[PDB]
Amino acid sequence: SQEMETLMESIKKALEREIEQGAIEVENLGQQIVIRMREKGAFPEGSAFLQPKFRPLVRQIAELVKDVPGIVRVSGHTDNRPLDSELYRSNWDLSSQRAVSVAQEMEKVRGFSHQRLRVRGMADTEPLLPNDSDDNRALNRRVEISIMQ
């Protein structure tokens, strides 16, 4: 587990500003490191299109973990509001596509193995917060990258 702690703090350091700005949270979860990335500044609402300024952050994360063993699971999330858009068939679709964008962006980093990636759409099944206000529903719409040894 030595590599877990060194890896976690290494990420914490490299992402210091993003963490301080609330755009990212990094915490240990059993034998996995979980990186949560807020919707604001990463995706436009209702869209899976990864936003320009966020691409490099994603690649940085990929850079940080490329030399570590273990599955990299990318998971998209929505709030519990039914979705009305013509582009996506449901919350499963949108949460799924968001994880797809991030995974596609990570595998562009040379040395980051494609084989390590797993993509998940979680729709509204794993809330962080009760869906009882706008601020909360927004925090639930994060994308998560889980590093699993």
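Residue numbers run from 1 along the displayed sequence.
Higher mean CA B-factor, judged across 26-34 and 105-113 from the recorded values: 26-34.
Look at the mean CA B-factor for 119-127 and for 87-95 in the entry; the higher one is 87-95. When all modelled residues of the chain are sorted by CA temperature factor, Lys12 is found within the highest third.
Annotation for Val100: C-alpha temperature factor in the lowest third relative to the rest of the modelled chain, per the entry.
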